[PDB]
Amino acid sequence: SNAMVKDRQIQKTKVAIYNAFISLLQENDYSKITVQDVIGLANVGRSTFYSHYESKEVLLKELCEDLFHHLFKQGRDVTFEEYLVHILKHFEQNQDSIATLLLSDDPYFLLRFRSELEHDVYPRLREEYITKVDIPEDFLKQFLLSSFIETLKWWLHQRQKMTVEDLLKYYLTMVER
């Protein structure tokens, strides 16, 4: 219909902003970009942006929300380490600036990300790779999660990076117990 077409048009403009925000997050810190940057790409004016997004803050939120739903909140039937590999797969191509988001140190992205790791990566990592029990649980939790995040950051700064499977390997052997 004639409302069918206007809808299809508000849906394409919402995506333009979304995609603009991502492309700009490839070159800049979240703290460093401004709504005018976001328009200058989206080609949609100040008034309409604010009709979809209360502020820049809900793009980060939405984005993350999306990025983390695709990484973890999958019921995609695979082995634990296929699951790890897929996660790492996204980082190495910087699927939607996810790498740049992590390397930027944006405190908010680093927070919600560490929290997903706690819910969907740690419990399996624990039960499946750590066999002994002479190291307390909290030290375990902290050493494991933090060394995962740090292995990952280091790999992303690497100009010549190992295959995701090599890194997943060298990490799992480093921590297994």
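When you see a residue number, it is the position in the sequence shown, counting from 1.
Once the C-alpha B-factors are averaged per stretch, 116-124 and 41-49 rank with 41-49 first. Two stretches are in play, 2-10 and 168-176, and the higher mean C-alpha B-factor belongs to 2-10.
Looking only at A99, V78, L84, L71, the residue with the top Cα B factor in the deposited structure is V78.
In this PDB entry, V35 carries a Cα temperature factor that places it within the highest third of its chain's modelled residues.
Among all modelled residues in its chain, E137 ranks in the middle third by Cα B-factor. The deposited CA B-factor of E65 belongs to the lowest third of values across its chain.
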